[PDB]
Each structure stands twice: as C-alpha cells, then as structure tokens.
C-alpha cells in the first residue's frame, strides 16, 4: 500500500543492507534477542548463547541473520507483489517455527533500529516512514496468510 516514491526510499536504504547483509542480519538478531529475550526460545540452536559476546561470536547466528535478511530483501524488491515470496515464509513460520505475528513486530522494530544506528544520515524521516510501511505491509500479509492457513493473525 506504498506509493512508488515510498518504494524507492525503501529500496534505496535496502541498498545499504545489500552492501553487508550478514553484518546487518547479525545486528538485527542480537537486537531482537536482547530486546525481547523470549524470542530466543524459538531457536533450539541458540539456547546456549548467554550473552551479547556469545551472540557476536556465533557463526550460526550470523548465518541465520544473513538468511533472514536475504529473504526479506527478496520480498521487499517485489514491492507488494510478493505473494510467491511471502507464501513459503508464512507456511514455514506458521507451522514449523511457530512464530507469532507479535514476534514479527519485534523483528520489524529491530530492523528499523539497526538501520537507524548504522545509517543515521541516510535513514531520515521519509525513509523511516516508508520502511515502517513496507514492514507493516509484510506483517499484515503474513498475518492474513496465517489466518487462511488456520492460525492466529
């Protein structure tokens, strides 16, 4: 539900993420886990990470962060017409990983926080608003797919 101008601002700051996907992904997950400690309970692989230093050293955390942002990038680049990319994610997140829409809100927050911390100059008022909207569109379409699949939106 974004304008063309809004999608442009989204893809322009996403260009910064594409210059270092894994570093941004790492920071996103660390911000998610430190901010909302309960999210860490969905990851049986990361149950032994007892501090930010342990999270920073984990090669599997950094690879997962890379996987997450690569996928989200794929979705953002479709500017709304992302059904084919969104479906498999909604399927796996509603069924196997058991990820509530609320945790999608927490990771959306962490994405924004990381963009703001790393690119303060490039992530101004207009780019922040546009990115909020894009993440909201993503959460809303994930939620609608979850409901169609028989789960809580």
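Numbering follows the first chain given and starts at 1.
- Remark: stretch with higher mean C-alpha B factor among 102-110 and 36-44 is 36-44.
- For the pair 135-143 and 14-22, the mean B factor over Cα atoms is greater in 135-143.
- Between the residues 70, 128, 58, 91, the entry's highest C-alpha temperature factor is the one at 91.
- Ranked against the other modelled residues of its chain, the C-alpha B-factor of residue 77 as given in the entry falls in the lowest third.
- Per-chain ranking of the deposited C-alpha B factor places residue 87 in the highest third.
- Ranked by Cα temperature factor within the chain, residue 66 sits in the lowest third according to the deposited record.
- In the PDB entry, residue 54 places in the middle third of its chain by CA B-factor.
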